[PDB]
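Peer 1: Dropping a structure here in structure tokens format, bear with me for questions.
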Amino acid sequence: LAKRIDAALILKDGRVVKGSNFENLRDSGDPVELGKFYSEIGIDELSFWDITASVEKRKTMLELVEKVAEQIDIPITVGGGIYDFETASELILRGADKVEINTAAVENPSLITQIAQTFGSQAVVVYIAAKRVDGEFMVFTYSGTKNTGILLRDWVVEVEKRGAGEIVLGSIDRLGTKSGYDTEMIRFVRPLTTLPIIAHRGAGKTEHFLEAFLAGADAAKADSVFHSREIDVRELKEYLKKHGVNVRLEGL
Ligand SMILES: N#Cc1cc([N+](=O)[O-])ccc1O
């Protein structure tokens, strides 16, 4: 395939947290206008990740999905507080192409075969959060705090086997850093699974993305780095092409 540049939008109350620095938008903080803007300038897939806990927070997502699905041309993934089949089913049907699950996946791994059987494996993204514990990659859950004792070697083969469509590979050690994708972790996972692998956490500069794809990543996601305008998405794509990565450009 080619390699994707996925962009990720963190939501509270259907708002984009800290918004964005594109002064040309009408509502920097509006996910719909931001998301559709990223789809006009190079992003290949978008993530809508909701940090809302609240009472009517399942509605605010089903709302925004509906508004987003009529407007945005590229694939959309949703995750944030998705713990059961009800919530995913309702989200895919309201307009979500893929639903992300994590803790609920590790706690009942058949929720992914469940979502898969109904909506197709392509609709199921398993986010795996891992950090080194005593020289050994472990899967963590609950926002990367609960050391589940499942080592990643095995979770990556289980996830594939249970029917997931793609994995987001997030290195907890890189949260907030801007040193680069954990390319050791990517290289460690790469032979364990034929599934598409989305690199996440670390991105700080252009060249980090070239590193991520040589480590075997099928895609790289970042967020703040694009919204702050540290890395201009179009620049990022001309670079990746300059040095032999297969990425889709536009050319006007
Ligand atoms: N994808 C993703 C994602 C996950 C987390 N998270 O599992 O805390 C936060 C922000 C994100 O964009």
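Peer 1: Would you calculate the separation in nanometres between label points at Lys18 and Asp134, each defined as 7 Å from the Cα along the Cα-to-beta-carbon direction?
Peer 2: About 3.5 nm, to one decimal.
Peer 1: Over the chain, what portion of Cα pair distances is larger than 29 Å, expressed as a whole percent?
Peer 2: 25 percent
Peer 1: Something else about it: Take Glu184, project a point 7 Å from its Cα along the Cβ direction, then tell me which residues of region 122-144 have their backbone nitrogen under 15 Å from it.
Peer 2: 130-138
Peer 1: Compute log10 of I(q)/I(0) for region 154-212 with the Debye formula, placing one identical point scatterer on every Cα and leaving out solvent, at q = 0.22, 0.29 Å⁻¹, to two decimals.
Peer 2: -0.83, -1.17
Peer 1: In addition: As a footprinting exposure proxy, order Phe226, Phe188 by other Cβ within 10 Å, with the fewest listed first.
Peer 2: Placing the least packed residue first, the sequence is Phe188, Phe226.
Peer 1: Given H placed 1.01 Å from N in the peptide plane, which residues other than close sequence neighbours of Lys146 have an amide H under 5 Å from its amide H?
Peer 2: Amide H to amide H, under 5 Å and 5 or more residues apart or across chains, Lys146 pairs with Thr141.
Peer 1: Also, quick follow-up: Which ³J(HN,Hα) values, rounded to whole Hz and listed in residue order, are derived for region 178-185 from phi using the Karplus coefficients 6.51, -1.76 and 1.60 in 6.51 cos²θ - 1.76 cosθ + 1.60 with θ = phi - 60°, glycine and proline given as x?
Peer 2: Residue by residue, region 178-185 yields 10, 8, x, 4, 3, 6, 4, 4 Hz.
Peer 1: Can you give the helix-only mean residue ellipticity at 222 nm for the chain, where every DSSP H stretch with n ≥ 4 adds -39500 (n - 2.57) and the sum goes over all residues, rounded to the nearest 500 deg cm²/dmol?
Peer 2: -10000 deg cm²/dmol
Peer 1: If r is the Cβ-Cβ distance from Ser224 to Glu86 and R0 is 30 Å, what FRET efficiency results, to the nearest 0.05?
Peer 2: Computed FRET efficiency for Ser224 and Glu86: 0.45.
Values in this text are rule-based calculations from the coordinates and carry no lab data. All Cβ positions, even for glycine, are placed from backbone atoms using ideal geometry, and neighbour counts span all protein chains on display.
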